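This report concerns only the one structure given below.
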């Protein structure tokens, strides 16, 4: 919310912690879910 | 290194730890090394 | 008399802290320089180094 | 300096705005801001009034062209420049004012309507986008067509996060200059865009393919912001206050009287009201004098004043909104209190300054860009003829060739006689020319002169008294 | 002198502000002050109104050039000076108003809009910064471009502390001058790091590569303070009062009436208000049509609440606060609040005169200095590339006397008077006597006299050619 990014794709952020040993991290997080509006337009056979 | 500074002298900084008494620190770090090219150009004597 | 608000007194201790840090760095550099002249060698040692 | 401190008595110990660039303070909630601005435009009496005032003052009812190429710079002479200007003006007039509306691809607008809609789009969204394309299969003289694009349609592909080079669908090179705009595609029987296409701003040949117009304020501003941000909140709260006051007045005036008695529900209305039932609708004929037993009663309520000081509060808020938007208070609210001539003229001057500035920047830049984009094709298709021995060709110096000035509608004076006396007194002395005074009224002096010579010829061929402008 | 002591009855006992230099009073809270000013400008009705007045009255819709080189000092002559002026004016007129907007690197602003933004930034930030750059790839006639810099970008390197020579990134030599500015590189994504660059104020030999314009309030200022600092507190508290009053009015007007009864929660509403119990914790809604008379049992009751005046004196307090704010900012009360109550001609003309004095002062100092410096920066490359030719037998070359070779005065849009006939009759009366020239009277209209003379001498020819009556101004 601090940079207003909400309900989007692959929100990245790059931050640095504090203290005498300072370390920098990098992270991107998403909420990915795939859905089919009509479950039935496919037939998936197994062959042999 | 994020700011782009390397092999400098006396890089300063400060930060706030947001801890229960708060606190704002200060720091200098240099990594010095004083070297001599020709070591026996001098003569050292004790004068007991 | 006069005096300053508490916000201002935070801007003086910081300055003298930075001055003290710089003076300590300068003394370290000076000892490092001098020890390489009196004798051919010097050793950098510390409690956590 | 108490501005940047704690405040008077510590009151401002919590007001700590973040010092942030306009891109960092406008982009994250841009779509919501535009949606709220459009919501106000579609559903309030005053927002639509402000939009209509913008359109009808800045542009008017006709947006005319005056072509003045820099002849000296090109070293082409006077008469060839005038002939070229006349031919280009004739061709443009014949193309822009077609009644079948073939200038735009949608075939829904003419030229003046397109410029008016551009100004309106700048009014509530802060920026206008125009796309210039060619239609190959057409069988007309000119293949140029201009299509408007709504500012909501420019967005990042696949709604991915913004980068250092691409902010809000505008890809940016090393400097702040833009290269190309990602335009979506609208699927109406649905929701949210689904296909994004790349459109380069300028063709490799230097011709214009995408037009972007807005006014920045800070150093780096990828996309512009509307004019409503100062008064979006007060407008909505005024709307809520108005509706709540109206409902409260309706409710308070509804309960006309009150019956209190120990009998049944029906018998009280039978006996005190007179509404026969034998709940009970009353017949509104005559005047009635009920008779009450000691236990009964009947009270006629007294409601509060319908407008208890609401009008002056509306006046204050409306003045605030008018200050924010740009139009003067009387134009926005239709108030027109009792005032003298000098105050009215002063306020009209205050509005006209801003309107003239907006006309000279927004509409003028848009129309100049469109005119140059059209002029390149004309010169190529040899509809017009370039003067010979020109120092530069068309491509080398585009602006020198297409240098033009646009004329809109003129101001309507409070007193007609005084402005005419102004024109005649200025003309009598040397302080002004006929071109300016004919442009102040919204006319081209050359056409007036040709019409005057034709009129005096017609009068002479008919046998009437000669006019004043003809010389014996 | 009681002013320097305790006061009347000791009321000023605590009022002991320290006497400190201007930098030590401004800089420690500079970023917060600029941020608060920006917040006020973005989200207040009156602040944007004041900024728009500044932009549109100081500059207008066109900022016209008048090149008037000092021919007498240079020892050159008259006719070649006029030819040089004409050629330079034509070159500039083509350069500035290109509709490709190529004067700046961002390709977003023309000359006039650049100056308007400069006045705007000077109005609420206290300083404006313009950088002159070059492009090697560009093949146009002129390589000179002007990039505007936001005052936020200019700060210390890597956020180090202030020193004797460096204050807020404006490096200072022994005197009060400035040598170079530390400019950061800001990114719209908030995570990427920022890098600081050192840009000198003067190029090695002659040219200025970074422009800084402001009005020093005092002696030792390095970065000036904007004009809101006097009256930001009042604006924010006025906004708070406005919002609170509006919300209070809505709350007071919302509660139309009150029901007092001892029955069920629903039976009372059914029997008194006149709702519908209906056949098929939510509020049962009444129907607004009609005039109803409820029948109350001894227990029940009905109360039609009476609310206070929705505007109990708020307009007059708004008037006082707005007069204060207008006095602080410099614009008159009429031009700020859009009140424009009844007032005679004398009062209106006096108020407009008082506002116009300040506007003329701002135009003469801020925008004029910025425009002249940018014009000289362009004229450097104009002379170097031999686009224009200097007069021969000159006492000096271009480098030695920059001001004299590029001396210029700018013409902006004039004042639109309250009355029509009076001003023009006044101008004619002045022309008839010797008290004024044609240049002075044409400039008050925002027009250059030579252009009017050329248009009139063309119009006489046009009128003669077609058979019309010769104009009044023509010579027999």
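Chains as they are written, first to last, in UniProt numbering: chain Y, 294 to 341; chain R, 294 to 341; chain F, 99 to 147; chain H, 24 to 301, 320 to 513; chain B, 24 to 303, 318 to 513. We put the CB at the ideal spot given by N, CA and C, even for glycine.
Partner residues on chain Y for residue i, Cβ-Cβ distance less than 9 Å
{"i": "residue 310/R", "result": "311, 312"}
Contact set between residue i and chain B, taken where Cβ atoms lie within less than 7 Å
{"i": "residue 240/H", "result": "140, 143"}
Neighbour list for residue i in chain H, Cβ cutoff strictly below 7 Å
{"i": "residue 296/Y", "result": "51"}
{"i": "residue 510/B", "result": "471"}
Chain-ordered neighbours of residue i on chain B, where CB pairs are closer than 9 Å
{"i": "residue 100/F", "result": "39, 41"}
{"i": "residue 446/H", "result": "Ordered by position in chain B, no residue passes the 9 Å Cβ test against residue 446/H, which lies about 10 Å from the chain."}
{"i": "residue 222/H", "result": "Those within 9 Å of residue 222/H in chain B number zero; the least Cβ separation is about 17 Å."}
Proximal residues of chain B, C-beta to C-beta of residue i below 8 Å
{"i": "residue 460/H", "result": "457"}
{"i": "residue 116/F", "result": "184"}
C-beta atoms of residue i and residue j nearer than 8 Å
{"i": "residue 177/B", "j": "residue 205/B", "result": "yes"}
{"i": "residue 269/H", "j": "residue 358/H", "result": "no"}
{"i": "residue 155/B", "j": "residue 169/B", "result": "yes"}
{"i": "residue 431/B", "j": "residue 99/B", "result": "yes"}
{"i": "residue 288/B", "j": "residue 342/B", "result": "no"}
{"i": "residue 470/H", "j": "residue 117/B", "result": "no"}
{"i": "residue 347/B", "j": "residue 134/H", "result": "no"}
{"i": "residue 73/H", "j": "residue 373/H", "result": "yes"}
{"i": "residue 27/H", "j": "residue 36/H", "result": "no"}
{"i": "residue 236/B", "j": "residue 407/B", "result": "yes"}
{"i": "residue 389/H", "j": "residue 375/B", "result": "no"}
{"i": "residue 425/B", "j": "residue 114/B", "result": "yes"}
{"i": "residue 82/H", "j": "residue 449/H", "result": "yes"}
{"i": "residue 255/H", "j": "residue 65/H", "result": "no"}
{"i": "residue 319/R", "j": "residue 119/F", "result": "yes"}
{"i": "residue 321/H", "j": "residue 334/H", "result": "no"}
{"i": "residue 167/B", "j": "residue 510/B", "result": "no"}
Residue i: contacting residues in chain Y (beta-carbon distance under 8 Å)
{"i": "residue 214/B", "result": "305, 306, 307, 308"}
Paired residues, beta bridge with residue i - DSSP
{"i": "residue 204/B", "result": "193/B, 222/B"}
{"i": "residue 65/B", "result": "DSSP, once it has assigned bridges, lists no residue as partnering residue 65/B."}
{"i": "residue 280/H", "result": "341/H"}
{"i": "residue 315/R", "result": "312/R"}
{"i": "residue 155/H", "result": "169/H"}
{"i": "residue 235/H", "result": "152/H"}
{"i": "residue 211/B", "result": "None; residue 211/B has no bridge partner."}
Nearest-angstrom beta carbon gap, residue j and residue i [assumed within contact, 8 Å]
{"i": "residue 267/H", "j": "residue 70/B", "result": "Not quite, the Cβ-Cβ distance comes to about 29 Å (not below 8 Å), so this is no contact."}
{"i": "residue 329/B", "j": "residue 278/H", "result": "6 Å"}
{"i": "residue 250/H", "j": "residue 367/H", "result": "7 Å"}
{"i": "residue 78/B", "j": "residue 119/B", "result": "At roughly 18 Å, the Cβ-Cβ gap does not stay under 8 Å, so residue 78/B and residue 119/B are not in contact."}
{"i": "residue 224/H", "j": "residue 203/H", "result": "5 Å"}
{"i": "residue 140/H", "j": "residue 132/H", "result": "7 Å"}
{"i": "residue 296/R", "j": "residue 307/R", "result": "About 14 Å separates the two Cβ atoms, so there is no contact after all."}
Contacts that residue i makes with chain R (C-beta to C-beta distance below 7 Å)
{"i": "residue 334/Y", "result": "Per Cβ cutoff of 7 Å: no residues; residue 334/Y is ~51 Å from chain R at best."}
Chain-ordered neighbours of residue i on chain F, where CB pairs are closer than 7 Å
{"i": "residue 329/R", "result": "134"}
Chain-ordered neighbours of residue i on chain R, where CB pairs are closer than 8 Å
{"i": "residue 218/B", "result": "296, 297"}
{"i": "residue 131/F", "result": "327"}
{"i": "residue 120/F", "result": "303, 321"}
Contacts that residue i makes with chain F (C-beta to C-beta distance below 8 Å)
{"i": "residue 337/R", "result": "135, 136, 137"}
Contacts of residue i in chain F (Cβ-Cβ under 9 Å)
{"i": "residue 323/R", "result": "123, 126, 127"}
Contacts that residue i makes with chain H (C-beta to C-beta distance below 8 Å)
{"i": "residue 479/B", "result": "472"}
Contact list for residue i against chain H, beta-carbon separation under 9 Å
{"i": "residue 48/B", "result": "24"}
> In the stretch 172-186 of chain B, which residues sit with their C-beta less than 7 Å from some C-beta in chain C, listed in chain order?
Replying inline: As a matter of chain content, chain C is missing from the structure shown, whose protein chains are Y, R, F, H and B.
>> At a CB distance below 7 Å, what residues from the stretch 483-498 of chain B approach chain H? Give them in sequence order.
In response: 489, 492, 493, 496
> According to a CB-to-CB cut-off of less than 7 Å, which residues of the stretch 270-288 of chain H neighbour chain B?
Replying inline: 271, 273, 274, 275, 277, 278, 279, 280, 281, 282, 283, 285, 288
> In the stretch 84-108 of chain H, which residues sit with their C-beta less than 9 Å from some C-beta in chain B, listed in chain order?
Replying inline: 93, 95, 96
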